[PDB]
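**Q** There's a structure below that I have some questions on.
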Amino acid sequence: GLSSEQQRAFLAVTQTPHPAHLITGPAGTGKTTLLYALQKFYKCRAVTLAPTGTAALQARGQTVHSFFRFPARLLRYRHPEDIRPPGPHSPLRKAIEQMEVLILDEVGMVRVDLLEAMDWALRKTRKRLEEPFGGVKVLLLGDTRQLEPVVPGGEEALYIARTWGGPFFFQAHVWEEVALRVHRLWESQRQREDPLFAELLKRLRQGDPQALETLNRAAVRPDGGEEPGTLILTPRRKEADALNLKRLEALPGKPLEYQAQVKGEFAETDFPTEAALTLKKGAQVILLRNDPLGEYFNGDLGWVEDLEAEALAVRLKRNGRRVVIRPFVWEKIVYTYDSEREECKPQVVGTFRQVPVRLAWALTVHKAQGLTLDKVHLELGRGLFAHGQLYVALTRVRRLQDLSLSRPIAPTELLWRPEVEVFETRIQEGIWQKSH
């Protein structure tokens, strides 16, 4: 069930001896089903890995650090003190010396030292320490805009500045050895781009001053979140929960707590939704899972109508109330070699059981990633000039008319980092390889 756009990438990456392939493009269905077709297409030829627990959950894979027993600190270059190879006959080594393909979702947040750990770990155990990754066909994924890995400062920042120069996944010295065939999609909705707004976003990423004045003198509207169907996006999830709470304690209806059943090993930070979910009839809520039948979708903004102990009815914004949702089961997955099969065969270690819905009067930009939204309102916190971290917020809409920021933006909150502005544009032909 693959469309021509998803099939073109599938066939372009699977039918070639080239190991390194990057697939760019925004989040959403079409991108997920592309991975769900890839990982099932090989199905112990490869494993699916991710930098963060959240990414590993929504990608059916294992955390990189947890798959490789990598320690939660700066991974020094080819250092055996940090990158310890699994010993002989160990029940990780036998499974890693099968992985012809390695899928890697959300490469935006993969730090450089983390990528160079994977390469050396794959080389010093599959015996292919000359070829990059031990020959393993790496399939990188994720919009390269929802990037910028945190670097603490002090000792760790200086070492990374000296070894690589920056924290990005492309500054790794692996790419000085192999070429990265980049299949960039950016082609899911032609005119719900508003090509003037796309060029406006590109001029903001390049520091243009008058593009910034244009953005401010068309979209600045204090508290323009009172207009109907306005989702008040916030950068930080602290004020988002605070905004949902104050709008939740306005509803007269009696609340109902939905209790999650966290079975097995499931980290607290990996929780998709709050386990003590207080809901009232009339709350703006959003779905977090696609319906196996096909009635509702992931990211479907609804309104609570009825509150049953193990089900709830929501009037969808998209078409009109049709579906009652039933608690979904999230599984923590770890890839450990199967004895009988002689082939990795991943394993369910954790379980999270609650209704796939969360409060949606406000949302963190992180959780809002890739959602097609009709109308948004941005909440400035006077400190978000985190070297362009607010660009990801402007991209959450297709036309300038839908966005309404509460306070003006400084030129610095949107300006991209110089190393990024060189990567996004040297990949616009195709293959990318690091010179000198």
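To be explicit about the labels: the chains of the structure tokens are called A, B, and onward in the order shown, and within each one the residues are counted from 1, while ligands get numbers from 1 in the order they are shown.
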What are the nearest atom pairs, with distances in Å to one decimal, for all residues of segment 340-395 of chain A that come at most 10 Å from segment 223-241 of chain A, using only C-alpha atoms, set out by chain and rising residue number as JSON lines?
**A**
{"residue": "A:359", "atom": "CA", "partner": "A:241", "partner_atom": "CA", "distance": 8.3}
{"residue": "A:360", "atom": "CA", "partner": "A:231", "partner_atom": "CA", "distance": 7.2}
{"residue": "A:361", "atom": "CA", "partner": "A:231", "partner_atom": "CA", "distance": 5.9}
{"residue": "A:362", "atom": "CA", "partner": "A:232", "partner_atom": "CA", "distance": 4.5}
{"residue": "A:363", "atom": "CA", "partner": "A:233", "partner_atom": "CA", "distance": 4.9}
{"residue": "A:364", "atom": "CA", "partner": "A:234", "partner_atom": "CA", "distance": 5.2}
{"residue": "A:365", "atom": "CA", "partner": "A:235", "partner_atom": "CA", "distance": 5.4}
{"residue": "A:366", "atom": "CA", "partner": "A:235", "partner_atom": "CA", "distance": 7.6}
{"residue": "A:367", "atom": "CA", "partner": "A:237", "partner_atom": "CA", "distance": 9.3}
{"residue": "A:368", "atom": "CA", "partner": "A:233", "partner_atom": "CA", "distance": 8.0}
{"residue": "A:373", "atom": "CA", "partner": "A:231", "partner_atom": "CA", "distance": 8.3}
{"residue": "A:374", "atom": "CA", "partner": "A:229", "partner_atom": "CA", "distance": 7.7}
{"residue": "A:375", "atom": "CA", "partner": "A:230", "partner_atom": "CA", "distance": 5.1}
{"residue": "A:376", "atom": "CA", "partner": "A:231", "partner_atom": "CA", "distance": 4.9}
{"residue": "A:377", "atom": "CA", "partner": "A:232", "partner_atom": "CA", "distance": 4.6}
{"residue": "A:378", "atom": "CA", "partner": "A:233", "partner_atom": "CA", "distance": 5.2}
{"residue": "A:379", "atom": "CA", "partner": "A:234", "partner_atom": "CA", "distance": 5.2}
{"residue": "A:380", "atom": "CA", "partner": "A:234", "partner_atom": "CA", "distance": 7.6}
{"residue": "A:381", "atom": "CA", "partner": "A:235", "partner_atom": "CA", "distance": 8.2}
{"residue": "A:384", "atom": "CA", "partner": "A:235", "partner_atom": "CA", "distance": 7.9}
{"residue": "A:389", "atom": "CA", "partner": "A:235", "partner_atom": "CA", "distance": 8.7}
{"residue": "A:390", "atom": "CA", "partner": "A:235", "partner_atom": "CA", "distance": 7.7}
{"residue": "A:392", "atom": "CA", "partner": "A:235", "partner_atom": "CA", "distance": 9.6}
{"residue": "A:393", "atom": "CA", "partner": "A:235", "partner_atom": "CA", "distance": 7.7}
**Q** Mind the document's chain letters and residue numbers, and return as a VMD selection string the residues of segment 182-252 of chain A that DSSP labels helix (DSSP H, G or I).
**A** chain A and resid 195 to 205 209 to 219 237 to 248
**Q** Of the candidates A:136, A:314, A:178, A:204, which one gets nearest to residue 421 of chain A if we count only C-alpha atoms?
**A**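 Once distances to residue 421 of chain A are computed over only C-alpha atoms, the minimum belongs to A:204.
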**Q** Select, from A:83, A:122, A:405, A:27, the residue with the minimum atom-to-atom distance to residue 100 of chain A, counting only C-alpha atoms.
**A**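 Looking at the shortest contact to residue 100 of chain A, the residue is A:122.
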**Q** Of the candidates A:108, A:57, A:73, A:156, which one gets nearest to residue 352 of chain A if we count only C-alpha atoms?
**A** A:57
**Q** Neighbouring residues of segment 289-297 of chain A were defined as those with any atom within 12 Å, considering only C-alpha atoms; residues of the same chain fewer than 4 positions away were excluded. Please report them as a ChimeraX atom specification.
**A** /A:28-29,32-33,58,272-273,301-302,313-330,354-358,371-372
